[PDB]
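Engineer: Structure for this input, please:
(chains A, B, C and D, ligands or ions: 3)
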Amino acid sequence: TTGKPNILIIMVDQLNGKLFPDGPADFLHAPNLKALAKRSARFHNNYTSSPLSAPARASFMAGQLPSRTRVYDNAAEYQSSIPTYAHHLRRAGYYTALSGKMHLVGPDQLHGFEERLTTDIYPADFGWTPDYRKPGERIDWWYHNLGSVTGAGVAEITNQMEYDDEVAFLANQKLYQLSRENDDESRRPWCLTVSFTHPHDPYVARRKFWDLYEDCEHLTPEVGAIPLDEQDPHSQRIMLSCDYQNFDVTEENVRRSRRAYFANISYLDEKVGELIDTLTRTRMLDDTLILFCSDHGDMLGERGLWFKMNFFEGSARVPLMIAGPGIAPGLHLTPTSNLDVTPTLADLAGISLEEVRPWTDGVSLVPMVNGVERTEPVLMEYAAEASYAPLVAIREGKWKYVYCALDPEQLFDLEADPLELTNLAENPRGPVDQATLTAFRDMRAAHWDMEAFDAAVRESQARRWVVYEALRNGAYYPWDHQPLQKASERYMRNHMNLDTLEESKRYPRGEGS
Amino acid sequence: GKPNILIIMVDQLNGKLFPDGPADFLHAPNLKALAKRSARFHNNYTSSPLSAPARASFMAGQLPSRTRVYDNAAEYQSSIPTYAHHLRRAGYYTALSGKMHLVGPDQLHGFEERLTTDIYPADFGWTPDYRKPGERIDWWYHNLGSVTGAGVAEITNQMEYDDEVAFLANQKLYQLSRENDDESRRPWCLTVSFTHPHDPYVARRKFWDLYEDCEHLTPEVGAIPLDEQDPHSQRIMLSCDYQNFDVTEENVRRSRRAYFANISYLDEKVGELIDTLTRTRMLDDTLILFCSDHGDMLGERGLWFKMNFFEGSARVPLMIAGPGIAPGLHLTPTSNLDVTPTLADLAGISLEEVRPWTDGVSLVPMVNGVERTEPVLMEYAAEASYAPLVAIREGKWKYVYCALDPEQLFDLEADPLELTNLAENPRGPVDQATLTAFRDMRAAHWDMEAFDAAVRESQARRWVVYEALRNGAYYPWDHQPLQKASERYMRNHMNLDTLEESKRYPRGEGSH
Amino acid sequence: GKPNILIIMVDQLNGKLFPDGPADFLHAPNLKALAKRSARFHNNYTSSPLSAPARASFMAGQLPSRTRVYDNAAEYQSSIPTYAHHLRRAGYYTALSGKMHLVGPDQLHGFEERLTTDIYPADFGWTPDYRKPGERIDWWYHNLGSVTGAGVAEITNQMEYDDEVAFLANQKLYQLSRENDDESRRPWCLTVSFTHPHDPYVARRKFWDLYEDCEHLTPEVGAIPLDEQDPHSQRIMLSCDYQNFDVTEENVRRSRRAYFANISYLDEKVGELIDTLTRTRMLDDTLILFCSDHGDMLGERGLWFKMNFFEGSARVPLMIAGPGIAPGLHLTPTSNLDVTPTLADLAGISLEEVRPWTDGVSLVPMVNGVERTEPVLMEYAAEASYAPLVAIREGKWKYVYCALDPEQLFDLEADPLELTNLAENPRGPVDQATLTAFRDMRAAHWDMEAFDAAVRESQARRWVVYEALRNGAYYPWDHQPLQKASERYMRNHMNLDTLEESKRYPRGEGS
Amino acid sequence: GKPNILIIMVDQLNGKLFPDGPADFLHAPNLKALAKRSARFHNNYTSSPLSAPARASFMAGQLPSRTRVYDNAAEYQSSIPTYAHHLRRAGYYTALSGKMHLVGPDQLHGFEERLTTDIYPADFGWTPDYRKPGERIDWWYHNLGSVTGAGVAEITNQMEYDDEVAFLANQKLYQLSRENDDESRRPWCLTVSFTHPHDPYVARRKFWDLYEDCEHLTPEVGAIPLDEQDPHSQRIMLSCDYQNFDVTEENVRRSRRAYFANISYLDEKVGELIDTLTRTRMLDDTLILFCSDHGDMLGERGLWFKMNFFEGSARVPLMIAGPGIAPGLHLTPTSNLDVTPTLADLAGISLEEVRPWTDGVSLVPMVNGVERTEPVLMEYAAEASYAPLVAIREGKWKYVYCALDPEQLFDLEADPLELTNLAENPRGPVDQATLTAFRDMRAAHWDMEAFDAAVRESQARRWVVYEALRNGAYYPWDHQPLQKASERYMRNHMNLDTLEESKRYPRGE
Ligand SMILES: [Ca+2]
Ligand SMILES: [Ca+2]
Ligand SMILES: [Ca+2]
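Structural biologist: Residues are numbered from 1 along each chain as shown, chains lettered A, B, ... in the order given. Ligands and ions are numbered 1, 2, ... in the order given. The protein structure is shown below:
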């Protein structure tokens, strides 16, 4: 029975989850997300499943780990037969739509979404394929580099602001269109994903929002740059992949990058308020669950690192909030995962556990919201640029454990060491630290065959090097999504009942005052 | 110096009808003429007796268990290299006119250009369900209505399709010939993939009239009663709804007659393509390959269509002619799996570049007289199976295994009609040793329990996704050819001083 | 021709729970049935979010600044006319069963008869002091111990009280029906004033079990940290000793579950009253009014109880059914101040008789489709205030002023949970013009310096007087219902022949 | 070590009869012996010439305009502090035997215990109406029938009342004496408030016979005819319905004779209280205050009763005797407004605890030789007024104002009988300057138009309320004294061997 709630998923890109200690941090100018946070169940220790765009987003859609989706990097094909939350909801009777980006690679640019309002900002082809056969070599034309840090600043239009302006406009327009069915008893409930590209770099913001942070006290990272020689091996691979030696990052560069990033959160907050105002005025808010989420974090100069690709807090933590009918507001400290979003959504929509159990590696967060302890650990994977073999991580209780066949292990006690400055795998405090390291090693072997993981990643890369080079010979066939809204069926046309058209398009109906 | 490549593919052509080129009784002058100048692989097999699995496997030179295209509704991943990718990577312009039954949103799988849509769906509709053994889906399963409905018409769904496939292929050849005189041209590879002689068995009168005196309108083995059929054959008859059709001897003769007529319909189209190649002066530089995806039992044993490993269903013709190809008849068993490595080899691509991507072998050494020893493998995991089946063809033997069924072993030299199952009725110790050798070879190649679990998981995925995709507004995956009218023929942004010259070929007396 | 009037009043009922009658999720069949035949005032506000100021203002139809009942220990002058006086003057028998939190020696204030004592004290104990801003008083201030102590019990102080209130109210209706056949009978007005769902949040198991599957056991806005609270909310949070209590999520759920249970408890008593009216054949001649004195935040924003102008605290239900009342839902804001002139109007009293004595307006024109334009006014001047607060509700707007605090402006159609203070954070030019207009409206209704000086003098008087009165033998003011035993039932001075007939009703019937 | 306080209050006693204690011609041996040991305030005034306004003002030490008790039916709010409150706060036991004419449901106003009900109503019955000037309410207004009905009787409504008032007040002193030998005993303050010599002018024959040859049975200023009266006096004459009585010279003499007799009746009762204090050994530790609510014209000028600011109506006696009180006569005008701050001063209460609550001053400084300069203010806003009246008494002067009447100014030294109105015809520039001085002082003290509006609002409220309150079953506010018999005398839950000793006092051989 369709007493089912509507679902508005607001997503943003590259949002460091530590900036949401309990809703947005006090220092951020974000009135609309703070007001949303007060009505929300808030998951303080929520993690991405993979600190990179396409792997995190394919994993997010399916509620499955990259090792199961096979979307290892930003150029890996996402099979159209993999069930996503759009399939699960659509099968249960929802209209499903996406406005904005999801970095799906391959010719399927919908993956269950019934309608998609924008193209993607990023490529949909196999261009950005890493190569495990050439460790230490970087592809300068698509790899991250620190020019974002040295080029931060102020502008009134950017590639990303043109995208997000449009993402927001078409999202609010779709809500307005949906509200015209509000009185139809046979209406399908709806689930709209609004997926913004900010605050992803470039770190460039409109002057109105940049000015908000003139007096900002958080423009210096809380852990300074660690010299290359003192970095752990993965961090060294990242600084090399970012071409760090060819940039002189000053203190001012760091301050301007962080200022523009905070400004772009404030830019998004204005868009969040627009969406909620639309919901309020179309009389749809009380029946609508609102979920706020992100794909991965951004180190923001902490430890001298920028962007993502690692499991340190700033990169792996992303915010997660849920508000609406039946959701108790509150703060939750138990680690949760992006992998839990899809089963959480299925549960909120009234779908049985048995229908989604075969298709997800996460757990519904609804029992948490209703006072049931969650015990499952949080699992993460990374297998893209700046790795030479896959890395996996486990987050459970107060611990984070990181393994890569090529590197010394890492173990962090986040209650005693929230900034992850003391590796206990190498400097154990006592026998408990050693017993803990042993138990995580066994957990690691219970979840991953790291040799098979490496081999599968190498085969996936190898396929695409053959295929992508072929596809770039001769005439190119693009896979980018092209939204179509048929002009011949919109607004007023002479095959329609014109004395009924205006009433159909009007909502609310029959009112004055 | 790289040759052009024309691939002529037909659908559902029983390979037993090409004993040495087309059988004598077929009216097929153009294919018999092409055969005389071809290397002919008399004992060539499909890799899977079903359209999409055979075609995905044909395109990749990989077995269905590797492509994952188990049935007619299984997604074919776009990251899987095909002979299109391999040729295109080597510098070929590649194009497809006709069908390939690709399932999923990629309708090119490496082809640079595709001139027609597919005749069949590109979505997950036709998914079998191993969880419901014994039922059928009436709205897409085969049924014997094609046998009782055979006859004569001047247009059909398939004749509209194939008429269009032919026109656009000859037009593309004409278009390509305009680049003949430019030394920096790319060589081209054009696949022309017709839907005939696949059923419905309905032919144009012109071609139905050619077989009025035909002496092959009776199958060579008669209908085997259901109680005497091996279990898989029983499953095929149930899936075809055999009990609700009263197939008469006249139904059988008419179906076979129209089927032979449609081969002659195709033969005319082969002559058109050869004629285009001749008059455009590209024939001498063009390799010509003739192939099919699977066969058709055509009433033999009482069976119709495909879905099994018997000769009529699993045999398909294969020939290659052109520059550097010595003609002759080859008898060692070969596979559609070999087509992709054979193409790459003919195009000068190194064996090492294709080795990691193909389970077949190049046939070019065979064309040049080299003995072959590699066996021929086949798989089936779609409708009328309740669990996967596999077959091995080696020397004179064929072995067929399904976990649920008695094994089958045939000696095709002593028993070309596979009337004696030597697994059940061995002639002596050598047949017993042979069975054991094939058992061991099967176990080293397939884990049939892992195979069955992979097929089940693939079916279950699609049951969830397809039901969702059929809710709300449908988003189609069918390929839409686009030829930009604003850039064709005469337009006022173009150099009209040079347009006519560039579109004229050959450029003889009067041309610039 | 004058109709009977039954006023059903409950205590601390959050008006947001009555969007259109009781909300669907409440188990309240009797109040849902009453609502369906009622004029229902969706946006009805208390005039002061505290028990005694709200109740004295309700009785008089006058704001606290006029009644002088500023807090829960402020004397209510017996010379102030109430709806009981107005009706009694027009020929009504008037009676109260239940509480009214009247402070001072007059415990009737016009009621001709009162069937129970009060549940609360009648003296000057609970007196605030503006000369000591920042202190709290633990032996009478609200504290969060009600939240941590919520649960289930088969008797409580409040359930003993309300069981008696209900029994005597139904008994009185039965007594009154014996005069139905007399043409010269006075019409009656009976006020039944229950103490639930006021805390303690403790309910009978039977009603507790109704809400096991409830989806509203948590509030729509969570606890806002002290540092982010507006200053009045901060004063309140200190006032309930919020830091001395560890309020778990389960405490929140148990508290709201028992509160909902006690509404269902009340719903059963509403049905008994209606059933008595039905069987005595007085239903068709009786106006029924359902009301409350103030709301309860119930954990929203982290706040419990009242003392503020936020919706959960200031909104209270108001419903009217009966002869001459067209049913319907009304969204224009209305006020408890309006009940007294509404009642007098329904009783045939002229507007001129009541105009000099009321700050509200009759709602009868609303019921009959006539637009109401007067704003809704509210005041607070008790504990957790350091100076009086006033509020104005008009159109979609709510404006709150206190001379010690930043102003608050809410657009309730855009922001029904009041999460954006538009005085600090206007959305545009119209928010600003609207702020200026409310400031002008405020200066037109209130002299805030005179308000504060009158509150301070009243507090100081009582501090001198109460100290004295708690020395020596105490003289209590609690109402004691009259004793009539020698004139009740069968006594040998009466006529034992007509006695049974007089006490019987209906009379001379069979079937 | 705080003293006991006995307040003896009488009703309607003309203060001019106490020129230095009681006048010689009165038979009042006990009040004269008391006067001799008393500080005596010869020129003491009521704050309002009417029962309930005077008594509410007496208790609060606040003017009627501040108490809001404007007339004999105006509610007295229980939140207004009274001298009972102040003394109770300071550790005193406080009690009242007799009348106080408190209107409203509070019949204690801080008294811890009250031994009798009131002789007068406690409800809003006697409410005037400024909207109907010139009319009168015959069922409770004063009328001259008291003057024509004067005589002799052995029991009256008032003698029954005052006999019981006296008996319960002496019993209470006995009960209090049992606590004498207890160190932790609270000090006590007992107010004994008699209804005499208020009219009816009817006395017991014993006391009536004491004035056979009395030489003061003729008023010192005869009747003034209506058309020669000041307009307020005219309003009073109509309110008493004067033209419906033939008041003879005999009626005047009879009324004044019965009035003087009832002073003697009261004097006997004062002797009883004093004797009870003496024999219980509480006397030396007890302050004794003698006072009255308002006066009585007693025929002077042809007027009777009160309601005006003339000397006979506005003067009331005031005396204080006891520990720490130097005897002597004081001539500076004082006011009933001063009793409450005087009591609080005598009880050791600091001046700051009481100053925000009183419009009067402590008289203890005068008793001890400190000159007092504050003026004496009075107000009247009840029957026979159509708008409020105020008066200022300072030095030798009395100024009387009502917006609707000509002003009155009197020099009481040159003109003790108030026969020459210096506002209408002054003696010279000094008189004129004086009138101007008072006009300005009055304007600084009262807005008379705000006064009139508050009186009207109070009347209007009560007209709505009192009508309702008199429909249906009536709920009375009259005080019912408490007396648990189950806890009195000898009961079988107490220690009987111990009961007799604790109820016995003094406790010697
Ligand atoms: Ca991204
Ligand atoms: Ca096919
Ligand atoms: Ca209350």
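Engineer: residues from chain A in reach of ligand 1?
Structural biologist: A:13, A:53 (CB under 5 Å from the ion). All C-beta atoms are positioned from the backbone trio N, CA, C, and that covers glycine.
Engineer: who in chain A is up against chain C?
Structural biologist: A:31, A:35, A:38-39, A:277, A:280-281, A:325-326, A:328-330, A:371 (CB under 8 Å from any CB of the partner chain).
Engineer: Determine which two of the residues you listed are furthest apart.
Structural biologist: The distance between the two most remote of the residues of chain A next to chain C (CB to CB) is 34.5 Å, for A:281 and A:371.
Engineer: can you tell me which residues contact the closest residue in space to residue A:46 that isn't next to it in sequence?
Structural biologist: The shortest distance from residue A:46 to any non-neighbouring residue, by CB to CB, 6 or more residues apart in numbering or on different chains, is to residue A:320 (4.0 Å). Counting by CB atoms under 8 Å, 6 or more residues apart in numbering or on different chains, residue A:320 makes contact with A:42, A:43, A:46, A:291, A:292, A:293, A:336, A:338, A:341.
Engineer: Now residue A:320. Its backbone dihedrals?
Structural biologist: Per-residue torsions, residue A:320: phi -150, psi 120 (degrees, to the nearest 10).
Engineer: where's it relative to residue A:15, distance?
Structural biologist: Between residue A:320 and residue A:15 the computed distance is 10 Å (CB to CB, to the nearest Å).
Engineer: which one of residue A:281 and residue A:371 has more residues nearby?
Structural biologist: More crowded of residue A:281 and residue A:371, by other CB atoms under 10 Å in any protein chain shown: residue A:281, with 15 against 12.
Engineer: Can you give me the end-to-end span of stretch A:366-380?
Structural biologist: 21 Å (CA to CA, to the nearest Å).
Engineer: try stretch A:466-476
Structural biologist: By CA to CA, the extent of stretch A:466-476 from end to end equals 15 Å.
Engineer: Touching that stretch from outside, list them.
Structural biologist: Everything outside stretch A:466-476 that qualifies as a contact, by CB under 8 Å, 6+ apart, is A:75, A:125-127, A:129, A:477, B:78-81, B:84-86, B:88-89, B:91, B:93-94, B:110, B:112-113, B:186, B:357.
Engineer: residues in contact with stretch A:340-352?
Structural biologist: By CB under 8 Å, 6+ apart, stretch A:340-352 touches A:4-5, A:7, A:9, A:60-63, A:84-85, A:88-89, A:92, A:94, A:191, A:289, A:291, A:293, A:320, A:322, A:326, A:353, A:355-356, A:360, A:362-366.
Engineer: So which of those belong to strands?
Structural biologist: Mapping the contacts of stretch A:340-352 onto strands (DSSP state E) picks out A:7, A:9, A:191, A:289, A:291, A:293, A:320, A:322.
Engineer: For those residues, which single residue is the most surrounded?
Structural biologist: residue A:191 (30 neighbours).
Engineer: Could you pull up the residues touching it?
Structural biologist: So residue A:191 contacts A:6, A:7, A:8, A:9, A:86, A:89, A:94, A:95, A:96, A:97, A:345, A:349 (CB under 8 Å, 6+ apart).
Engineer: go again using 10 Å as the cut-off
Structural biologist: A:4-9, A:85-86, A:88-90, A:92, A:94-98, A:113-114, A:288-289, A:291, A:345, A:348-349 (CB atoms under 10 Å, 6 or more residues apart in numbering or on different chains).
Engineer: Okay, and which of these map to helices?
Structural biologist: The members of those that map onto helices under DSSP state H are A:85, A:86, A:88, A:89, A:90, A:345, A:348.
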